[PDB]
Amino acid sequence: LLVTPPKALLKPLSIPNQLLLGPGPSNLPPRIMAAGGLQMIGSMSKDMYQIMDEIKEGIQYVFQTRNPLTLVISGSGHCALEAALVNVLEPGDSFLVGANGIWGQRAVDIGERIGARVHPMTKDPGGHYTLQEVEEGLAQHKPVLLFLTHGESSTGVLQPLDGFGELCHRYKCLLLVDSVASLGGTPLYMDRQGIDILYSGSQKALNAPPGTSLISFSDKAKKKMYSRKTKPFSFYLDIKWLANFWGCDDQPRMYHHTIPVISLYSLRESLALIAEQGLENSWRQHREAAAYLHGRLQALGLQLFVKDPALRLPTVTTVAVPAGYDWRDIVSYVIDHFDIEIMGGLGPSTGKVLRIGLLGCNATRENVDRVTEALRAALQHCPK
């Protein structure tokens, strides 16, 4: 044989203990770790289907919707976003994009690649979107879909949602909202706020492992997707196939792909946990924790990047990089000396911020103390 057994693979796997307090992913509670260690069942068994049904009721609970076209995407954040755009937007269609952070910029890049006409409302890191600025774009471009980042995890901004669905619907437009970094950590009502496509990721405030995502489509969305001239560029993400398998339509579930069974075990449990807590409890926890953290960081003499407290994402706090420090020094000092993961910026916010993450079980005063103690020592030990 050409290749011989890799010598590094012949030692036993060993992973460190890290406290993950960056934008994502998050640490796992015991129940979700327990689910990840279970044995396999038939990917198309009665028992697997029952689990998928329970997961759907769960996504309906956290999204606050009754859309029967609700299901899990076998992929990360990007994969739910991509599934949204490749099933909704045909080549030529007009797409209006709130590019307030990396997430809008990505939604742009996808849009361009599948041949949409892409209308970028660039706002500098920290900025948000006013209903009028939306209708001024809506008037200028007459799009079929508006993408809005709810929890902008690259800028620590909480986008206001109220009204925008009723605005978009007047102009015949569809509302797509990125709630990957917001779901479970701030108020969100899909049906009530008139959202057409809502997606979220497992690895954020739900505390499940990365590589699944949540998506729900309103009836209006469903129509646009179920009366395309062409087929979507993706077969893996084709909604008509996915919808069928997950049991959304009238036809019996036909084999599309193989779903990530053990991940669905974990995701199920993550949804059972926030079910047991209750949504408004979870929003309380994250709102208070966030409040505490900004207090402590303010004491250290650090500055919160988002100045208006009504626009600060509870789940991901941006902190202006203190003048005269190498951000990478701080970030490295923290993990090295305290085994805590924090991040720098991302996209427009690259170099400008530090990012701190409070997500689900991880959103405790304990962890805020820890990250504040760690940032203390770093600030007085990193060169100036």
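For every residue, the number given is its place in the sequence shown, counted from 1.
Annotation: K220 does not belong to the positions left without coordinates in a third of the other compared entries; each one with flanking residues models it.
Gaps at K231 occur in none of the other compared entries of the protein that contain both adjacent residues, all of which model it rather than a third dropping it. Remark: stretch with higher mean C-alpha B factor among 303 to 311 and 204 to 212 is 303 to 311.
Of the two segments examined, 135 to 143 and 238 to 246, it is 135 to 143 that shows the higher average Cα temperature factor in the deposited entry.
The maximum CA B-factor among the listed residues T149, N87, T230, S263, taken from the PDB record, is found at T230.
The PDB entry assigns the greatest CA B-factor among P68, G345, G36, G42 to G345. When the modelled residues of the chain are ordered by C-alpha B-factor, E269 sits in the lowest third. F164: CA B factor lies in the highest third for its chain, per the PDB record.
Split the chain's modelled residues into thirds by C-alpha temperature factor. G194 is in the middle one. When the modelled residues of the chain are ordered by C-alpha B-factor, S179 sits in the lowest third. Placement of the Cα temperature factor of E341 within the chain: middle third of the modelled residues, per the deposited record.
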